[PDB]
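Novice: Input: one structure, supplied below.
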Amino acid sequence: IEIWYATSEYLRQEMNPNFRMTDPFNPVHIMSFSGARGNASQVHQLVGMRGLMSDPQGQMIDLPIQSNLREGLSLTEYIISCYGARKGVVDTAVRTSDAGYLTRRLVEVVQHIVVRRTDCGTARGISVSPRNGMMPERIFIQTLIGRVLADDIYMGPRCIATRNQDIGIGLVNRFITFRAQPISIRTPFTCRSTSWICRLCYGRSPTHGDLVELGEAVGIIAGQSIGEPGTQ
Amino acid sequence: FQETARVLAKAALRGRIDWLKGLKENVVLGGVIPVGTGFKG
Amino acid sequence: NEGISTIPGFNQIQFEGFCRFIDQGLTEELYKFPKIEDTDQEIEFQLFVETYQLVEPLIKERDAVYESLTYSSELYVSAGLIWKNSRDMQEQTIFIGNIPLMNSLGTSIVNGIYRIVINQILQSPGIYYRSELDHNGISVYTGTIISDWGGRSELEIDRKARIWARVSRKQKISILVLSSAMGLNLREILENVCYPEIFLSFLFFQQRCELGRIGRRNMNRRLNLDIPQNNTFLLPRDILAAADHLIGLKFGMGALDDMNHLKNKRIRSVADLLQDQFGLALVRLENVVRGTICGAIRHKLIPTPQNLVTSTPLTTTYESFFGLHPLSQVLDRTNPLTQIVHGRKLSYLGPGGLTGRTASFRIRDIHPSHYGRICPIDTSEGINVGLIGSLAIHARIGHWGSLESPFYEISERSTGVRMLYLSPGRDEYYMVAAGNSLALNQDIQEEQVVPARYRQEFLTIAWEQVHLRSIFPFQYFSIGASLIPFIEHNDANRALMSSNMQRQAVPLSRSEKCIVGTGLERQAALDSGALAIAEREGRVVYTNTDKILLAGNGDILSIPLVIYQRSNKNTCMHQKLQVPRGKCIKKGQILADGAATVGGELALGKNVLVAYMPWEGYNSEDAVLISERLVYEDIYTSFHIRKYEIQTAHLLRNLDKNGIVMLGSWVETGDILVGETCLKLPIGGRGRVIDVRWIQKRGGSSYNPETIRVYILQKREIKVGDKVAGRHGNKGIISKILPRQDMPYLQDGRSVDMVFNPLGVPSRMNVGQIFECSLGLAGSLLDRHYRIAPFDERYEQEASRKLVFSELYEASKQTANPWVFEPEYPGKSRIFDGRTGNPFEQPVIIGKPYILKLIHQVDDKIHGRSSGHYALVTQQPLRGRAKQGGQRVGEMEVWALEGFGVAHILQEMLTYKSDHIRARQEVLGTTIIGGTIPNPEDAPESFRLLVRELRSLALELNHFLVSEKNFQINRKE
Amino acid sequence: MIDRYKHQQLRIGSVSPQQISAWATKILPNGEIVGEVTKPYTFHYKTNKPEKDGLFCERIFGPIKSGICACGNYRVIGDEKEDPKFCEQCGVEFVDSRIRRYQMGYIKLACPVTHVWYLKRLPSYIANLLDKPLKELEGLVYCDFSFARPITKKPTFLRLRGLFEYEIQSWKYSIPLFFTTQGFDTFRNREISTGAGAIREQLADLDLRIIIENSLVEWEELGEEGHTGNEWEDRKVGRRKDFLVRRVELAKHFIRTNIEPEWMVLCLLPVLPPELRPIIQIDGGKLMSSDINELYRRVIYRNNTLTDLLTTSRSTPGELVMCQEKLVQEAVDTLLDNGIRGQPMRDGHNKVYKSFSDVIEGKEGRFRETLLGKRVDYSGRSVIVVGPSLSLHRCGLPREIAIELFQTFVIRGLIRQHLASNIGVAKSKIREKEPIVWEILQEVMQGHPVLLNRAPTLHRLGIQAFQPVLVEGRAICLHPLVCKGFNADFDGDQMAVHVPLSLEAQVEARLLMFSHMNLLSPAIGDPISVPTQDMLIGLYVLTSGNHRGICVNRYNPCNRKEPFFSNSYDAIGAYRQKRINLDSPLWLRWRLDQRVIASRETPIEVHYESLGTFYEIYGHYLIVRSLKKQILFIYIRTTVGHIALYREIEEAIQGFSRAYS
Amino acid sequence: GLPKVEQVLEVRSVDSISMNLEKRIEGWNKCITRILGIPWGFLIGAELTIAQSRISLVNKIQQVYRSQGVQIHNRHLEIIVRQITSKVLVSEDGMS
RNA sequence: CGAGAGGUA
DNA sequence: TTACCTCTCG
Ligand SMILES: [Mg+2]
Ligand SMILES: [Zn+2]
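And the structure:
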């Protein structure tokens, strides 16, 4: 199992260098590098080696596949390959069904939530620190974009941001340069009711890039958003 | 949405009153949903 | 004797099963019939099973389909009744009933419908040991006894020796008590069982106790025992043996069974089902006979044996089986392939079988036992994926229900070889190799190594240690996968898609054979039933479009032909002659060809010139651009026939004196076909009326309402929106037809017929198409057709490349076209643009592949509605294009509209458009006048119904509105 | 702001016997009451007329054909000025056949019966109120056992005060002989109890305020030595502990809720309006007759047998009545909720019969199947095709589909232009496919949008709106860039079309559901319509570049591109005239300010001359400067492909600007 | 994958999602009562349980999505999480 | 109209 | 899981 995995993996690693150095304009490279179609794994199978396969019950089969589709798989190899294919077909059918149940149920819990008021009046906010979790800067940025601040942030005697101000990528970056660690943000968990939300707590809309308007169905959008990525 | 008989019985006994404040409920009644253009402001 | 040395006929299983039922099955069921007498003593009836005769069919098969009858056979059996009073004997042969007959192809004609019975896979009776991992500490073990009845018998041993039956819902029941129920002495038990101490420390019959012959044999094998085969019972010794094994596992000496193996499963068939039904029917005849005996007493009359028995029980049972059983299905007659494939199907589901939603994930994967028996690729996708499958080419059914795969013995013996068929169990114990003997080093051939299977595993061993070899090319696959060329170079996922698409092809008006094929097209045509083959040797004496006369040794035989006839799937069947007058024929040779067949081979598509390149976006995603030549030279035109039937201004121009439309009329939507009760044309049917049939009928209480049937033919050409496909998993929908001048063109001047996107192959992993297109170009130029068997790389590395490149070169040299083989970029050439005359920049792939046209066409698909008929209770629009109905806005769609915030749009869909009667009738008026539509206040019917239904279960729902201004409460109705 | 206030409410409640009556009662001109249906007859035996006192009777449920009474004469409804609402000969209710949809009827039952739901639940509502063993209350209900002290409301001379007792062997005949005729009846009613009349009566005289008092005290006493015993025991202590809370709660609600506890056992029984159970002749349908009707007849029958039995045979013993009491109860049970007790209750040929609870429950239950979604008019379907030349706001609709969807609108037009006299006149013109019909269709659809959806509508983008363009052919053409949202490919996918009728609806579609307005996805903010496949290939090729060193020259350039262009237009031109190729390097004068993205690289060579000009050669650019330190010229090394993309983006911006003006 | 998300959202067992979490919640509740009084102890204990639970549940669902390259914003998960975590249960000892 | 079966995406 | 289509059968 080990000798064969290493051989397959080295070959995959070396495919891109070969194309970029020796044949830059080959059709297979253009299609993959561009982003148009193909994935490195898919190409590896056409031009390298298909590799070790997993039998039902998760056990490797012990006969390596040393061939690619151009060269042509042997009868024995083809049969082993079929194993994987039944797994895919069974998974696709199942995944389509499971997703729908999760979505129906998620919409039901949160269907009633609409934005009904401008300010709840809360003076509480969650605090986000770069530390307190080991957070890659990416995570820190993504949490913060789109939220309204619940307290002023100051560097020395100057105010970087004031309460009731939205945070965008430029502000987030200033906070990173100046290392302002405790930032307090209004968040759905900080609002004063459970039958509705306020504009300031929810924050900027994903669609139009401005504060959410009164009358929007935040709940139906949340259910759908968690669920649709489910097919993948 | 799930246990229809059981809910309906408990309610009939208690005389439950529903103020129609959500989306699905107003759909059954065929009336304007209180969201978007429907939310009145 | 068959299948060794040749591919077996594709319908052999059906033929054998039917024969077994006709003789062995009939006799066995007949024997069990009880002699019947009543009360203290009464008259005795005797059914003598010794003399049963089955007589020939009264109507011929063709007539049966024409008059909607059932092709059957009559059973006459001899019987005698000794009236208790009489003491004398009267004997006659009664007509018990009608048993259906099969055509050799394997179909039954019942009430005018071709019907086929599918095979089923179920768990075999026997003892199975499973180790259930235990939630606390050490694992529990169990045994189970599957039976023909289906009752399962459970015995279990815990960490503390338990030997407790689990059949009772209760935790503890004693196996030892069951042994004592058998009269065994406690002392007797001890002498019999090994592991006595452990059991010492420890100090129904109707259903479970019967084990079929299959059940008994399995028991004897698993627990070695040798009770003789005639014995078929749960004799007690067996139970003791089971316990003995159960404890051995606890100590380490045992095997836990795999229930997915095919040695543990059995196959039922046509024969079994038919025999079963005969039994049910027979029990019903006993009920009828007893009843007529009672009637005789009332009238005090001397019985005639016939009077006692009617023919109703046999006929009714079968009529019901064919009509309502899950595994009896109507034959697909879309094309010749569909007819051959349907018979070979195997299902896990069925009566007394698994259900799809219920079944486990593990039952739906391939097992190593399936090879040679069930095809790995074919399955039906959906919630039923993995549970319906297909038999492989060289499989057969054994004495027991098990399947068998042929193997060649390479072990030295006098003959040194024989082909044998092996049961799913037997071959796990031999080493089987599929490699070849073409390797030699400084040592001898016997020492060379090869990959092999042994005990459900793959290993590498020397050629000396192998026992059996697998030799046939098409052995591990079904008919559809065996019709794809260069399958080795296509990923397996695609192969499922490909087998599925061939089945959906439409027989075309003129047929043509493929340039590249696999060679099984020839046998597929022989076994479809669409060809006319000779039944006797002879010389052809007369030929006319309707008939052929064959004259052999003083006899003349007339063979009828089929002209323009409909099929179950609205496709046309037409036979065309292949034999010139004056020619000698031997039995089995072809005389006429059917649709989708040319020269004895299956021909479902055409060969066209194609290029793979991007073209202005017309090919985006999976769409195709095509030339007009295909439209005006009629390459892809097909004929479709539909039937419309009934039971008994400009319009009425066609009708005759009786009022039925005449033959040869061209009709359009709206026109009456048969004269208030008038039958009229639906949307989209416009065709010549090829025939009208006033069919008188029998069977109903009244003379059955004579049925008038009209048959209409539509000729259909290729259009934007049609679906076309190749044999390698490639499918697309036509997007534009362009004039020849604007099409891309070659260095020969010719213009390509179709253009396909080239970004598809990397994602879908089919490199087979590239090999097939290129070989096609060569054959056209050199006048050759190629039939190549699968897996050619066995001979050498890169074998396919060597074939394609060599052939392309020969074509290039013989006809002097240098572009066919280009040494710098082989297989690709440089082409030009029709619009501007300029060369495209990079070289492109050009070839002639074989493309097929699918049954899903745009004309069937299009639908529209405004107004219309409404349903009775829900008062909502009707469902279906045929029914002129609406489309559904369902749960998911509402949610989306809600996300947008479009309340007004949604309300409309829920009220005016669907189910608000008062409101709906108004909108049609406002619109014609030009006014504004008000927003509705009352409730839709849907709501009103709910209230009424609830008020039926004694609950009340009311809607009230409280006015904000004055606080009054008003009850809406 | 002061909110605009709307208050609406929905109330659900169990109903009294008097109400069920009022739902179904009318008094005729004769002054005679109508409504109870007694006979089980459905229609007539081969007459196809509803029978009287039948499940489909006109008089109780309304007329079948408008204006045609039982007799067969026709008086014009729409006029009540001189029309007998009820004819002397028959109850006619002349106005409409619609009533058969909404009118209700009721059936009187001799024996009190019990609803299934209250009894079936493990925390039975009736049991919670009773405070007696569940088995005891149930045993009396389904088997013959007799209570002995039914009412605590009134004093009784006999005093065993017993529960349900199987044995009536106690002297009962001598007791009756000693007692007066019906003296026994007064005593028996007070004491002996049977069936469910007993439950109804025990429930009816009960003291709720008292019930709370006892319960709280018992609840307080329990818990003595709580949480201090063997596992088995505590469990039991708790289960009682809760039954107690649950019971207090039910009673409290009853005190303040206006629903009477006795209504659970039922005196009258309701009947669904006749249409909702079509039971049309099973003329080959074979299932046209409703199982509703089949179940209804059974209850009707057993009840009639009992009413007669009592009237016919006072002499016959309670054994005759007892036998059929149970029978009546069981029919009602199956009608209300069969399968609750798990009884199959099925005809052998038939499947287990459909209880009314089944009708409501599930996906196909009324609420999910009909209430949440429904079929609609003005809709169509067809396969989809690529449509590359279309703009983002447009879609192509086959003409045959359109004529169906926009027909009403075209008829108006034909009449308005006076090309036809009447609605019928116009419909004819539409059929002959005359050429004018097509000019009118085109005019009508010009500013009217349409809505398109794909079948699995996972997310909002599943439905979008477009302006329709007429096309010939039978498939719908869609823009290439809208396919990601719809998750559509062109290999057999189909779509559906809907037309928005109202002005209000039409505004919403143009302003809130068009693609230009929805270019960002809901989940993280990403672009949803971006160039994707072939389009991406083309963009990559244009910007890919050229061979740089060993690839372009065989031998070192040491031992030993040229074109210089002044404006970008010239360069694009040379490409067309084939003077240069896409990848050939060229130099372009740049008059603007150094916007070229390039690495931070210092100059490869600076060449400086004595009079003062300096030339600086960087890899992609040459900057010429002078003594006064002014940049005389800038030249960029590039390829034609790069200039083509820039030009398109720039021109589009300027073009949109010049159009607005 | 998806099964895990169904498990996290449908909280059949509190410990099932995180062992470290069950520990804390059972522990907190026993300990808090001794330290603080009746008006204030239940309230503070609730606030602490609510805070840890909320962080963990969002973080667990999110890790599953980030492994496979699917990026969904937090606000959306928070609307759903709140409903799961918004209610309290009055105890056996409490009758009024 | 109630069941069953074969497909499609 | 959704939607779509055809058929047979009492
Ligand atoms: Mg598709
Ligand atoms: Zn090959």
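Sequence lines, in order, name chains E, G, Y, P and D.
101 is the number of the first residue of the first sequence in PDB author numbering; add one for each residue after it.
1290 is the number of the first residue of the second sequence in PDB author numbering; add one for each residue after it.
Using PDB author numbering, the letters of the third sequence correspond one by one to residues 6 to 208, 251 to 695, 714 to 740, 772 to 1069.
Using PDB author numbering, the letters of the fourth sequence correspond one by one to residues 8 to 567, 585 to 685.
1145 is the number of the first residue of the fifth sequence in PDB author numbering; add one for each residue after it.
Where a beta carbon is used, it is the ideal one built from N, C-alpha and C, also for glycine.
#1: Helix, strand or coil: which one does DSSP assign to Y:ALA598?
#2: Taking just the CA atoms, how far does P:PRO47 sit from P:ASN311?
#3: In chain order, what residues of the same chain lie with their CB nearer than 8 Å to the CB of Y:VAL377, ignoring the 5 residues before and after it?
#4: By alpha-carbon positions, which one of Y:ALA1035, Y:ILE64 and Y:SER83 ends up nearest to Y:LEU74?
#5: Since Y:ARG500 sits in a beta bridge, which residues does DSSP pair it with?
#6: Please confirm whether Y:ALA577 and Y:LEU950 have their CB atoms less than 8 Å apart.
#7: Which same chain residues, not among the five before or five after Y:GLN810, have their C-beta less than 6 Å away from its C-beta?
#8: Less than 8 Å between CB atoms is the rule here; does D:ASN1218 satisfy it with respect to chain E?
#9: Quick one: is Y:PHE251 buried, meaning 16 or more other Cβ sit within 10 Å of its Cβ, or exposed?
#10: Using the C-alpha atoms, what's the distance from Y:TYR501 back to Y:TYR477?
#11: Taking 5 Å as the limit, name every residue whose beta carbon sits nearer than that to some heavy atom of ligand 1, in sequence order.
#12: Examine ligand 2 and report whether any of its heavy atoms sits within less than 7 Å of the Cβ of Y:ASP888.
#13: Looking at E:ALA317: is its Cβ nearer than 8 Å to the Cβ of Y:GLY997?
#14: Check distances from the C-beta atoms of the segment 535 to 554 of chain P to those of chain E and list, in chain order, the residues that come in under 7 Å.
#15: Residue range of the alpha helix (DSSP H) that P:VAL620 falls in?
#16: If you draw a straight line from the C-alpha of E:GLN265 to the C-alpha of E:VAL248, how long is it?
#17: For Y:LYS832, report the span of its beta strand (DSSP E) as first-last.
#18: With a threshold of 7 Å, establish whether the CB of E:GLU328 neighbours any heavy atom of ligand 3.
#19: With three or more beta-carbon pairs closer than 8 Å as the criterion, would you say the segment 119 to 138 of chain E touches the segment 832 to 852 of chain Y?
#20: Are Y:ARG391 and Y:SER437 close, meaning C-beta to C-beta below 8 Å?
#21: In the DSSP output, which residue or residues are listed as bridge partners for Y:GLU49?
#22: For the segment 819 to 837 of chain Y and the segment 670 to 677 of chain Y, state whether three or more C-beta atom pairs, one from each stretch, are separated by less than 8 Å.
#23: Whole angstroms is fine: what's the gap from D:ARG1226's alpha carbon to P:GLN26's?
#24: Return the chain-ordered list of same chain residues with a C-beta closer than 6 Å to the C-beta of Y:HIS414, the five sequence neighbours on each side being excluded.
#25: Around the Cβ of Y:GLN549, are there at least 16 other Cβ atoms within 10 angstroms (buried) or fewer (exposed)?
Specialist: Put simply:
#1: strand
#2: 9 Å
#3: Contacts found: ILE118, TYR119, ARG120, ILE121 and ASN615.
#4: Y:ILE64
#5: Y:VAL479 and Y:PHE505
#6: no
#7: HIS687 and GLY783
#8: yes
#9: exposed
#10: 6 Å
#11: P:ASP496, P:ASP498 and P:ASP500
#12: yes
#13: yes
#14: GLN540, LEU543, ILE544 and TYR547
#15: Annotation for P:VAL620: no alpha helix (DSSP H) segment contains it, and DSSP assigns it neither H nor E.
#16: 5 Å
#17: For Y:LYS832, the uninterrupted beta strand (DSSP E) segment begins and ends at 827 to 834.
#18: Ligand 3 is not part of the structure shown, which contains ligand 1 and ligand 2 as its ligands.
#19: no
#20: yes
#21: Y:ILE87
#22: Yes: the two stretches touch, three or more of their Cβ pairs being nearer than 8 Å.
#23: 44 Å
#24: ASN307
#25: buried
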